[PDB]
Structures are given as C-alpha cells and as structure tokens.
Amino acid sequence: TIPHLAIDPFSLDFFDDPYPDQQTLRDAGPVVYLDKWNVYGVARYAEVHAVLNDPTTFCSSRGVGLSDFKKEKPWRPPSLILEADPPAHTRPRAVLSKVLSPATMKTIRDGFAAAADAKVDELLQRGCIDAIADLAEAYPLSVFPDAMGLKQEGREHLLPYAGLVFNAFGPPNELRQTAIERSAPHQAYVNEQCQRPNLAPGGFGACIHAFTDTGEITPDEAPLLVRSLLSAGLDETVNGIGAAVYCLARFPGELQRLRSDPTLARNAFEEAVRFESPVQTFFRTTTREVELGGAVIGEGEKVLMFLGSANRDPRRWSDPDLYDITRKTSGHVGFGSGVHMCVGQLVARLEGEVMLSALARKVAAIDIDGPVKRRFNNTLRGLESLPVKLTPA
Ligand code: HEM
Ligand SMILES: COc1ccc(C(=O)O)cc1
C-alpha cells in the first residue's frame, strides 16, 4: 500500500536541488516510506498540516530529529519546549510567548528598524557586497544578540552552535557527526550565557529568568529556556533574509513592486519564508497506530514532515514556484502549525520586514555578479554566498 522510495532527503544531491525529488515524494502518495533511514514521509500540504495539528498522535517528546529519545540518548538535554508535549510543553510555551510578545516587539522595533536602515546605507557605500555574510548574517547578529542581553565576548560561537542544532536533527550522516565532534566550545559558551548573571537586564534572557516568580517555570528551568533562544531564531532568519534578497534578485519585477509600495515588505518576507522555507524538515514520533491518508503507521514510528514541499504543493498553492510578494501566504507551514508554531515568529518577521523596508526605500536594483554557493545543512536550506551589486535608489 505504502510506496518505498530510495531518495535520501539528507544527501548533498538532494540539498542542491530538492524540488524535483519533492514532486516525486508528493506524487508517490500521501504517505511514503524512505528505506534509507526507515521512516515514514509526508510531502503534501494536507498531510503535513494534519500531523502538525495532531500533537497527541504525532508527539515531539521523543525528538523532532531522526533520533528516538526513547531509544537513544539525545546529544544534549532535551529542549523544554520544542522537544516536549502538552501539558509539559504548555507553561514553557506561555513564558516564551510573553517574552516574545507583541508587547515586546514595540520596545525593539525602532532599534531593529534603525539598524536595518544603517546597514543598507553601509553596503550601498561598498556597492558590491556578499548578501549572505554582509547582509543576511551581518544584520541579525547586530540586533538579536543585543536584544537578548548577550555580552560581546564569545558571539562567534552563536552561528556555529545554531548550525549544529539543526545538523543534529538530521540522520547520523557526516554532516551531523562533524558538527557534533568538536562542538564542545560552542556548547560551553551557550550553556554559560544561559545563567542569569550573564544576561543583561531588559533583554530576552533576563526576562525569561524574571518569569520564574510566577509559577510558570522554576529557577532551574530558566537556563534551558534561554538555551532555546540561543539555538533557534538566528540561522532561520539569516537564511530567510538571504532568500528574500535572492528572490528580489531573480525576480526584479517583484523588487520594483516593493519599491513602489514598501508596505509590502512584511508580506514580501513572509512569501520568502514560504518560498524558500528555511526550516525544511522536522520529525514526529507516533504514539499510536494511526491511519494517515489511507495508510497505516504503527506505534513508535518516526514520521518526516517536508515543510518546504508542503509550501510548494500545487494541490494547495497557485503557481508555487513563483515568488509573489502579494500572495496570500496565510496558512503556510514555514513557521509550523499548532501548539508548536514558531514562538519567535514575531521577531523573525520584524527583522525581515525592516530589512526589506530599508531595501525598498534605498536600493534601485539588486544584481548578482558572482558565483552563488549553497549552504548545506541537515535541516536548514539557505545560501552560503550571494555576491550582489546594489544600485542606490
Ligand atoms: C525565518 C525565521 C524562522 C523560521 C522559518 C522558523 C521555523 C520554525 C518552525 C517550523 C517551528 C516548528 C517546530 C516544530 O513544530 O517542531 C519553530 C519553532 C520554534 N522557533 Fe522558530 N522559526 C523562525 C524564527 C524564530 C525566531 C526568531 C525564534 C526566537 C527568537 C525562534 C524560536 C523558536 C522556538 C523556541 C520554537 C519552539 C516553539 C515550540 O516548540 O512551541 N524561531 N520555528
Ligand atoms: C525550529 O528550530 C528550533 C531549534 C531549537 C529549538 C529549541 O532549542 O527549543 C527550537 C526551535
């Protein structure tokens, strides 16, 4: 009943061009079996959306990577929120939703917008820049570590740790093992900055510690919650912004539209999050024998969700290979869906929007003048290098 496919969704051949293999996964059926790693796969929007919204059947406490925590020791102490299920997940989730609240976005927006404007001015002075290192990477590193109250020393560990977290969700390929080996320095730095005395007052980290008084979390849970904001929220926004810049380059007509109405910047970034989907895959583990789309999945089985393919499903999207800044992107699963939907989606959209706002008002054209290099990760899709030339507006 269930087709078995030999496609390796975590291979370098897959990462370089996943879209043909993704149609093959969608068209093979609503549930595929992937012999390479002995997991179930779902690639259509309908089934990816259904598993994300059935947390009781498709749990997260047994890991959201390939590894089954009930079977193997996790490479690090499990996340208090991403790798938890209700009710254990509920009160840590409420804390992060209040720390990263709409009320919190008002205190940082003008600081995040001003730094996005100054960065674009800075790169327009240099003309030919690397949109990844000098823009996609440079900007969020100039606002987010400060917004969390991180000290200046050691910030070079942040990106290496971020890419390690997402490589570790993957299978035991050499991408994951090279990242886990010699990961001790980044782990040591991140763990120490989780302690309250190292978090500047007013930042995200100190705010999370301030929530121990409420009875929502205890003091010993606070550092691990801080760890989530140092593991997630950097590498996804970098790839997300680098994709938007890449899209504006390959679709110059969309850049001219954003230039004519810069209030499209927030949706221009949202459509870029659907179009590229920086987080490409996440896992769930079955707690039951479940009937999924006419296909029976047993207990304790890993189910791989293809979020990027679900965002390009022609059964759900009109012309999904097209970048449309005016597309009604509502319902995409780049940020997830349900009880685990990104808790930091407001920070990402804010970072993305103010950058695309700055570009819309200062740049006339964005032209690629150099070899584009892909960045390879077990979980993230994004560019390694995007040589661009910016023409001032
Ligand atoms: C382009 C930007 C981003 C993308 C594409 C993205 C993607 C995702 C996705 C798909 C999930 C769901 C995981 C699951 O259901 O298993 C998630 C959860 C999460 N994200 Fe994001 N994210 C982004 C930005 C951020 C930011 C800015 C932060 C923090 C400041 C953040 C922190 C988190 C956390 C803590 C969770 C776990 C929430 C939970 O388990 O309830 N992410 N993210
Ligand atoms: C979606 O990416 C992540 C990665 C790590 C965590 C976490 O540390 O809880 C959450 C989300």
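Values below: every heavy atom of this structure, side chains too, minus hydrogens, waters and symmetry copies. When a residue number appears, it is its place in the shown sequence, counting from 1. All ligand and atom numbering here is 1-based and tracks the order in the structure.
- Ligand 2 has no N or O atom lying under 3.5 Å from any N or O atom of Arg227, backbone or side chain.
- Heavy atoms of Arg93 found under 4.0 angstrom from ligand 1 belong exclusively to the side chain.
- Only the backbone of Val339 comes within contact range of ligand 1, with a heavy atom under 4.0 Å; no side-chain atom does.
- Contacts between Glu236 and ligand 2, counted as non-hydrogen atom pairs separated by less than 4.0 Å, involve the side chain only.
- At a heavy-atom distance under 4.0 Å, only side-chain atoms of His89, from C-beta outward, approach ligand 1.
- Using a 4.0 angstrom heavy-atom cutoff, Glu83 does not count as in contact with ligand 1.
- Under a 4.0 angstrom heavy-atom cut-off, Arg76 registers as being in contact with ligand 2.
- Here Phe144 has side-chain heavy atoms under 4.0 Å from ligand 1, and that is the only part of it that gets that close.
- Contact between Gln345 and ligand 1 is absent, with no heavy atom of the residue lying under 4.0 Å from the ligand.
- Considering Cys342, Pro278, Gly334 only, the shortest heavy-atom separation from atom 10 (C) of ligand 1 involves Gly334.
- Using the six-membered ring where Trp is involved, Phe10 and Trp37 have ring planes that are perpendicular, over 60° apart on the 30 and 60° scheme.
- Under 4.0 angstrom from ligand 1, there are no non-hydrogen atoms of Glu270.
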